[PDB]
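For the protein sequence lines, the chains are A, B, C, D, E, F, G, H and I, in the order given. Add 250 to a position in the first sequence, counting from 1, and you land on the number used in the deposited numbering. Residue numbering for the second sequence is 442 to 468, 476 to 490, as defined by the deposited numbering. Residue numbering for the third sequence is 5 to 88, 103 to 122, as defined by the deposited numbering. Add 110 to a position in the fourth sequence, counting from 1, and you land on the number used in the deposited numbering. Add 59 to a position in the fifth sequence, counting from 1, and you land on the number used in the deposited numbering. Add 324 to a position in the sixth sequence, counting from 1, and you land on the number used in the deposited numbering. Residue numbering for the seventh sequence is 50 to 157, 163 to 196, as defined by the deposited numbering. Add 176 to a position in the eighth sequence, counting from 1, and you land on the number used in the deposited numbering. Residue numbering for the ninth sequence is 3 to 56, 228 to 232, 239 to 286, as defined by the deposited numbering. Reading through the structure tokens given below for one structure.
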Amino acid sequence: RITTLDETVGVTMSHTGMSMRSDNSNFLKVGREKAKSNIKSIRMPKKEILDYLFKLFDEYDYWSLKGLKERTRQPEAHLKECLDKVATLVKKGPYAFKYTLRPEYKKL
Amino acid sequence: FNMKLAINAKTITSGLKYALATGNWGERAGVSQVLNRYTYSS
Amino acid sequence: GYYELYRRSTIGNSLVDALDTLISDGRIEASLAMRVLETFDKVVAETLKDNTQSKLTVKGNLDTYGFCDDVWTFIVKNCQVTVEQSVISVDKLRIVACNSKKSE
Amino acid sequence: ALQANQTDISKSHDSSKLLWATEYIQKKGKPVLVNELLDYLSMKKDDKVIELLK
Amino acid sequence: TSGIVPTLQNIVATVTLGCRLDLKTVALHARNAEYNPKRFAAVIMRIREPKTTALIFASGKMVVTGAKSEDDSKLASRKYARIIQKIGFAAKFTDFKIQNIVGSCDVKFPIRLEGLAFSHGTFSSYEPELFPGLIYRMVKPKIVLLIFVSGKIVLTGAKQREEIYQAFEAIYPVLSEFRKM
Amino acid sequence: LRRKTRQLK
Amino acid sequence: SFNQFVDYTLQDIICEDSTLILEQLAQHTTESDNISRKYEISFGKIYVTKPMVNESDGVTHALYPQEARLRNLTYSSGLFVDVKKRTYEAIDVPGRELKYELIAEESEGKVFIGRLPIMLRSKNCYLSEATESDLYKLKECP
Amino acid sequence: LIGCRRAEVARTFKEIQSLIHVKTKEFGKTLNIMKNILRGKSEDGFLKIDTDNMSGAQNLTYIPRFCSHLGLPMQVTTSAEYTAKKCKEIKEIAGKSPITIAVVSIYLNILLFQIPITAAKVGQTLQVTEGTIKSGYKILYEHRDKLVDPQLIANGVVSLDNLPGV
Amino acid sequence: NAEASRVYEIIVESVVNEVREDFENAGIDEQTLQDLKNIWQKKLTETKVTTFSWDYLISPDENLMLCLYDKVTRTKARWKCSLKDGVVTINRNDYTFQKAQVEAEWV
Numbered sequence: 251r252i253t254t255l256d257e258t259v260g261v262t263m264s265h266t267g268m269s270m271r272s273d274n275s276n277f278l279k280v281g282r283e284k285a286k287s288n289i290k291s292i293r294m295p296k297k298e299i300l301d302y303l304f305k306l307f308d309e310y311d312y313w314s315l316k317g318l319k320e321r322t323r324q325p326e327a328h329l330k331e332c333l334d335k336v337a338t339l340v341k342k343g344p345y346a347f348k349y350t351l352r353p354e355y356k357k358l
Numbered sequence: 442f443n444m445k446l447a448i449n450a451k452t453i454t455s456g457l458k459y460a461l462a463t464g465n466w467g468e476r477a478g479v480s481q482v483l484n485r486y487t488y489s490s
Numbered sequence: 005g006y007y008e009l010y011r012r013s014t015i016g017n018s019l020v021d022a023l024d025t026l027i028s029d030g031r032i033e034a035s036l037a038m039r040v041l042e043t044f045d046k047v048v049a050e051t052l053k054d055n056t057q058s059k060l061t062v063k064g065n066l067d068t069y070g071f072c073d074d075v076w077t078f079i080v081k082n083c084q085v086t087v088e103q104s105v106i107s108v109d110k111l112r113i114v115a116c117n118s119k120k121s122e
Numbered sequence: 111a112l113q114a115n116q117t118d119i120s121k122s123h124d125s126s127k128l129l130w131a132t133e134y135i136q137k138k139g140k141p142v143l144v145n146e147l148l149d150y151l152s153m154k155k156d157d158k159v160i161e162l163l164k
Numbered sequence: 060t061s062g063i064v065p066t067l068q069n070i071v072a073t074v075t076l077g078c079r080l081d082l083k084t085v086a087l088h089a090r091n092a093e094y095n096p097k098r099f100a101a102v103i104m105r106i107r108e109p110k111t112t113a114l115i116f117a118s119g120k121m122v123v124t125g126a127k128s129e130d131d132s133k134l135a136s137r138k139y140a141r142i143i144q145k146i147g148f149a150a151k152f153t154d155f156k157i158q159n160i161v162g163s164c165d166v167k168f169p170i171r172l173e174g175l176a177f178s179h180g181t182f183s184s185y186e187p188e189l190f191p192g193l194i195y196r197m198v199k200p201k202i203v204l205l206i207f208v209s210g211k212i213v214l215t216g217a218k219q220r221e222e223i224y225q226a227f228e229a230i231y232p233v234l235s236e237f238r239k240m
Numbered sequence: 325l326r327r328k329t330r331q332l333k
Numbered sequence: 050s051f052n053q054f055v056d057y058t059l060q061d062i063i064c065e066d067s068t069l070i071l072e073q074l075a076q077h078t079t080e081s082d083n084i085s086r087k088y089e090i091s092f093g094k095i096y097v098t099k100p101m102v103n104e105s106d107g108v109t110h111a112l113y114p115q116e117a118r119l120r121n122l123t124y125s126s127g128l129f130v131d132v133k134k135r136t137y138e139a140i141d142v143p144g145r146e147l148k149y150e151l152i153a154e155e156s157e163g164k165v166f167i168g169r170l171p172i173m174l175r176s177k178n179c180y181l182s183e184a185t186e187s188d189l190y191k192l193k194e195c196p
Numbered sequence: 177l178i179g180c181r182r183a184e185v186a187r188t189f190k191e192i193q194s195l196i197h198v199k200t201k202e203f204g205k206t207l208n209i210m211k212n213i214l215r216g217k218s219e220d221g222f223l224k225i226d227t228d229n230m231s232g233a234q235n236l237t238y239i240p241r242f243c244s245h246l247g248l249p250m251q252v253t254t255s256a257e258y259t260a261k262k263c264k265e266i267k268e269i270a271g272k273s274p275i276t277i278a279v280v281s282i283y284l285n286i287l288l289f290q291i292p293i294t295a296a297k298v299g300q301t302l303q304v305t306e307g308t309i310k311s312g313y314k315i316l317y318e319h320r321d322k323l324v325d326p327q328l329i330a331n332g333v334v335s336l337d338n339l340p341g342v
Numbered sequence: 003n004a005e006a007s008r009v010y011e012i013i014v015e016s017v018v019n020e021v022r023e024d025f026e027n028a029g030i031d032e033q034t035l036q037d038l039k040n041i042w043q044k045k046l047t048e049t050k051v052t053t054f055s056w228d229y230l231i232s239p240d241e242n243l244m245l246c247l248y249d250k251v252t253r254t255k256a257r258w259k260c261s262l263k264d265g266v267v268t269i270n271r272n273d274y275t276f277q278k279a280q281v282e283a284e285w286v
């Protein structure tokens, strides 16, 4: 048979809803464990970062924004400036939305 | 994740309250009626 | 690759003086000297971290403190240390430390 | 400190050298000669940079 | 009237120098220079004789915190710019503005905070769950005050003597009628 | 291109 | 019928769909993200309280049917189930069958799921155990 | 929380934070903005006297819910309510949050009424530190006569010696 | 210290043991290890510290220490730091430790 709670009803209701007892379980706490990774980076000088970009372009020609940022650990604005200074992204090709080296710099 | 938000007790509570208050039975009617307290035999 | 703060120790200056003499002897080259210094730092760091047991604490008064390029430079005067007790006074001592996050 | 903080302009590949050469040409309001273009970078003698620029 | 005058206890001032500063060079040469580029995009300095704290910025902007009075802020700014001159950079006092004056005082009687929050609610907001001090935001002038049960009053957000002094003069009676035991 | 979460009967 | 429904049928309804499994896949946008997550919530035994009411202020007291009739309340009692949370993970590589393992985070913990209206003089109602004098004391007709 | 306070049914901040996961600082800033714009609209529209509805303490509304959570009878609850009312006279605990005031009054009346509930159980029920509860009891240990309802000891159901010594 | 002495002895033994293949890759003679260890132990004995069995700007025979910090707690006066895995000499007396807690009060 079912089990009937024989205690005081308020004692049972204390855990319910609008309560002091905040949750202490760690189940499905993806929000706290995915917000603890913070990216902090500074303006490394332009020649070093463009040499790094050329090295990664020599390693593989097509790179997105997120993979390049996690590979170089640089701010998005400065990396975007160093990208569109010397490279461009594909718009309509099969490798679209991926930055590739300019044909002027492709020979080197 | 908040299990307080996950389990909406108002679903069960309002469903039972609505299906017993009105006779509309679901989501046939007249299942629940006001008790005839007119005489004891009634 | 670890940090390069380990050049200021007694063993650090001992090895750089030995490598300088071997440079004057012309038997060890510069690249070999730098790579043996790097593996020296790595080995002394690991073998300092793994198998020691004693403790230490310092009570003092700082006069100059700094933090530039990931390294903390403190200067403390009239500071007392504890052996593992027995305490003796230090007129001048400075603190050199790097971040616990591994370099490279 | 500021002259020692910056690294040398002698890069490991010619693409950076020609990029800096084009940046120096663009930032100048007059056409530039070969001598000051070679004086801009750390090396003076002939290389692939002059023929790639031509 | 007032049986006590508030004391100024922390003053924030701003200075612009009109020059470009390198945080690494000023961090290396100066003694008490603390620089974490990964944590804060500025190098932090302080000195002892005004007991103020310096916010060195890359754009040449200069903020001094921890000054007791205006003369202490002025001499601290003088010493900071002197350190700038001696460290290898040319800077000038193109502007010097004090932007925050805070101070604490005591009236030495218990205050009924509930009555003040209920009566003068249009400038106050009492939430004792968060912070046990009443936040009083009166409109004229723009001085915010912290009211406590012990009678300790912290006047906050002033620029010169007159606004904080008139603030305390105005708030002194409306806390004065409230008595506990 | 992945559907991320899914029901498991 | 109501006592059969309360004592046995509620637990059967709970046990019919006690498991609720959410699966997070590998998300192989990078080789470092090769983990697939299995998120399972299981319902255990169900508990029912005595008839009861919470008020506006949150105070909760035993509800007797006379008061429920007077105050236009609903003569109901709470339902509580045992919820255990199982979270699993597996290193997802292509060409190999997934094998999930417990990460040993099983938090468990009755949770309130709703209010069941109570038929009077049922086994859950207060008046089933009441004598005639008790029924008079509760202002209920014997 | 505005709706709770406006209907004289007010909850605390931990009540709100249990349901919705919002950090405290922006919640307080939002509450201040909310109160300012609501009262500006009331002054622009129909003026409403507060008469202690957004009151800072409101601990009288907190006693019965906490006593229900602890499963206490009402004479304990009303004794705690009178205790919390008379805590306004004591200047030593006027700056304390009324959550702490409410829980220490409830603990004082629990010990007064010989209710066999430990302070640890009250602390784990209400997420108030047992050290804070004990400190509130100790600071309220002196003010025996100024808090206990005199009619209760007139009826003789309670006595002041029931309080354990500190 | 005897603990510092045995720590330094296993330090010098580990250093002369682990990098010998790198020196043999250089093609140099077997006497390299011998005379580097000899000059190392000679200058360690000549150090005479540890016994071996073998107006505001920044401007050997100095009390030095090298260590690593884990976390630093800064207050207005106290400057506690969680130093870990370092070596400190104290009036020409080296020391080895797990953790060091410095307590320096601000002037």
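Note that the Cβ used here is the ideal one computed from N, Cα and C, for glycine as well.
- Under the DSSP assignment, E50 (chain C) falls in the alpha helix (DSSP H) whose first and last residues are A34 to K53.
- Per DSSP, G162 (chain E) is one residue of the beta strand (DSSP E) stretching across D154 to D165.
- Here the alpha carbon of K110 (chain C) sits roughly 8 Å from the alpha carbon of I79 (chain C).
- Within chain C, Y69, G70, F71, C72 and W76 have C-beta atoms less than 9 Å from the C-beta of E93 (chain E), given in sequence order.
- Residue environment analysis places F99 (chain E) among the exposed positions, since fewer than 16 neighbouring C-beta atoms fall within 10 angstroms of its C-beta.
- The CB of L457 (chain B) comes closer than 8 Å to the CB of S125, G168, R169, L170 and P171 in chain G, given here in chain order.
- Residue-level contact by beta carbon holds for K279 (chain A) and chain B, with a gap shorter than 8 Å.
- Assignment of alpha helix (DSSP H) within the stretch 112-136 of chain G, counting only whole runs of 4 or more residues, yields 114-119 in chain order.
- In the assembly as shown, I289 (chain A) is an exposed residue. Its beta-carbon has fewer than 16 other beta-carbons within 10 Å.
- Taking CB atoms only, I90 (chain G) has no neighbour in chain F less than 8 Å away.
- DSSP, reduced to helix, strand and coil, places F25 (chain I) within a helical segment of the structure shown.
- DSSP, reduced to helix, strand and coil, places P171 (chain G) within a strand of the structure shown.
- Annotated as proximal: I63 (chain E) and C164 (chain E), with beta-carbon spacing under 8 Å.
- When secondary structure is reduced to three states using DSSP, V80 (chain C) falls in the strand class.
- The alpha carbon of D154 (chain E) has as its nearest neighbour, out of E:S136, E:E228 and E:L193, the alpha carbon of E:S136.
- A direct Cα-Cα distance of roughly 52 Å separates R86 (chain G) from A176 (chain E).
- A distance below 8 Å separates the beta carbons of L339 (chain A) and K348 (chain A).
- The beta carbon of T454 (chain B) falls within 8 Å of a beta carbon belonging to chain G, placing the residue at that interface.
- Looking at the DSSP output, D31 (chain I) bridges to nothing.
- Here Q73 (chain G) carries a strand assignment [DSSP, helix/strand/coil].
- Residue pairing by DSSP places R330 (chain F) opposite G:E72 in a beta bridge.
- Contact annotation: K138 (chain E) and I106 (chain E) have beta-carbon atoms nearer than 8 Å.
- Taking the CA atoms as reference points, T487 (chain B) sits about 20 Å from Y190 (chain G).
- In the structure shown, the three-state DSSP call for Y486 (chain B) is coil.
- Contact with chain G is absent for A477 (chain B), since none of that chain's Cβ atoms lies less than 8 Å from the residue's Cβ.
- At least one beta carbon of chain H lies nearer than 8 Å to the beta carbon of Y185 (chain E).
- The stretch 77-128 of chain E is shown to contain whole alpha helix (DSSP H) runs of 4 or more residues at 82-88, in chain order.
- Taking C-beta separations shorter than 8 Å and ignoring five residues to either side along the sequence, the partners of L306 (chain A) in its chain run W313, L318, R321 and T322, following chain order.
- Burial is judged here by how many other beta carbons sit within 10 angstroms of a residue's own beta carbon; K50 (chain I) has fewer than 16 and is exposed.
- A residue is called buried once 16 or more other Cβ atoms fall within 10 Å of its Cβ, and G168 (chain G) is buried on that count.
- Put simply, the CB of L461 (chain B) is near chain G, with a gap under 8 Å to one of its CB atoms.
- For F71 (chain C), the enclosing beta strand (DSSP E) stretches over residues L60 to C72.
- Within the same chain, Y7, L9, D74 and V75 come within 7 Å of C116 (chain C) by CB-CB distance, once the 5 residues on both sides are set aside.
- Listed as beta-bridge partners of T254 (chain A) by DSSP are G:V97.
- The beta carbon of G127 (chain G) is closer than 8 Å to those of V97, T98, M101, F166, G168, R169 and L170 in its chain, skipping five residues each way along the sequence.
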